[PDB]
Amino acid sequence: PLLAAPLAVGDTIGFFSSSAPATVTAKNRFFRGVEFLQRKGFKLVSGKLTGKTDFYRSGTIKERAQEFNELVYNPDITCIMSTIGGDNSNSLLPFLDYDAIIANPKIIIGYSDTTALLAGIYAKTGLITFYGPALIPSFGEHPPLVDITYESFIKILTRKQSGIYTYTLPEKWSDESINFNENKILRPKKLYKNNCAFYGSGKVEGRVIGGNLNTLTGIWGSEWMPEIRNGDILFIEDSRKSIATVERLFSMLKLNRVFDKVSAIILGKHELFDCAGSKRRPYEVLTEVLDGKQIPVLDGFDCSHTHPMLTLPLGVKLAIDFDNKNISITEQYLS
């Protein structure tokens, strides 16, 4: 695989808005995120579409591609971070400078709609990119949850590449939709005990592939969708979806023979899942779709739209130990 250099405290992080113009619509939270990372000692470079709006997006398809490419050209930048997702990053894919990425590999990180870029870049270049924090939703989060998000971010990206890395399990989590763009909080978010479940036995090791499943539909079938292979571990998360949408997306995977290939599935915690009164969880829907076929599932991994959020390299081997109830990175993912 193509590997970027590790992050270090004091490095320059560049940020871009490939979809929703949240540097404007969520300016307070944006500023909180900027201040948070600056206090940690990081230098921040703002992408050229910061503070701009084109209604539902930050700018034209071509301008958004340019914003990203300009960060790739900047030799001072070690990490390229999404400000926020949205719906429209897939539009950029024909216009990204993949050859420049090959020449100057960097840490590329984000989630949700940014999946189109993470997966697309991996498909074109083999660069190991990261499912992880975006500046506004992740680092604009209030304490204490933001601290746990940062702890994972810094551990994953700065640690020495020796031996396996076994993930810590967040003690508490939340998906409550309060205190987003408000400067002062009325009360802290409702905290839930971690209900992550390991369905299966033994150990499964394989290349992790995926991201935000709804977003993957925007690149599916194209040269920008990485091929899923026999033995892969499928990582998928979604946010604020109806059970109807979740069934459709799971069946899409089934039709595409994905469940014939993968040796395990990781489901990220689904933020504010709408079960339509059925009281069914996404795992139950997956079980029906699988039609009697047994695939080991890690249900409720803290790498999604819920807080706190862990950082996960995509395109490298993970080992899920279903007996010991843990998950580890087993392949080198930074140079």
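Note that residue numbering follows the sequence shown and begins at 1.
J.: Would you mind comparing 230-238 and 153-161 for me and telling me which has the higher average C-alpha temperature factor in the entry?
T.: Higher mean C-alpha B-factor: 153-161.
J.: Regarding 200-208 and 247-255, which shows the higher C-alpha temperature factor on average in the entry?
T.: Result of the comparison: 200-208.
J.: What's the residue among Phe180, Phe95, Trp220, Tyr131 with the greatest CA temperature factor in the PDB record?
T.: Out of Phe180, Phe95, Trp220, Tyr131, the record gives the largest C-alpha B-factor to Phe180.
J.: Taking the values straight from the PDB record, which of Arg280, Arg64, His305, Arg57 has the highest C-alpha temperature factor?
T.: The listed residue with the largest C-alpha B-factor is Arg280.
J.: Can you work out whether the C-alpha temperature factor of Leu318 puts it in the lowest, middle or highest third of the chain?
T.: Ranked within chain, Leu318 CA B lands in the lowest tercile.
J.: Ranking every modelled residue in this chain by its Cα temperature factor as given in the entry, which third contains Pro188?
T.: It belongs to the highest third of the chain when residues are ordered by C-alpha B-factor.
J.: C-alpha B factor of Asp291, ranked within the chain: lowest, middle or highest third?
T.: Highest third.
J.: Based on the entry's values, in what third of the chain does the Cα temperature factor of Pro137 lie: lowest, middle or highest?
T.: Within its chain, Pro137 is a middle-third residue by C-alpha B-factor, going by the deposited values.
J.: For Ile13, does the deposited CA B-factor place it in the lowest, middle or highest third of the chain?
T.: Middle third - that is where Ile13 ends up once the chain's C-alpha B-factors are sorted.
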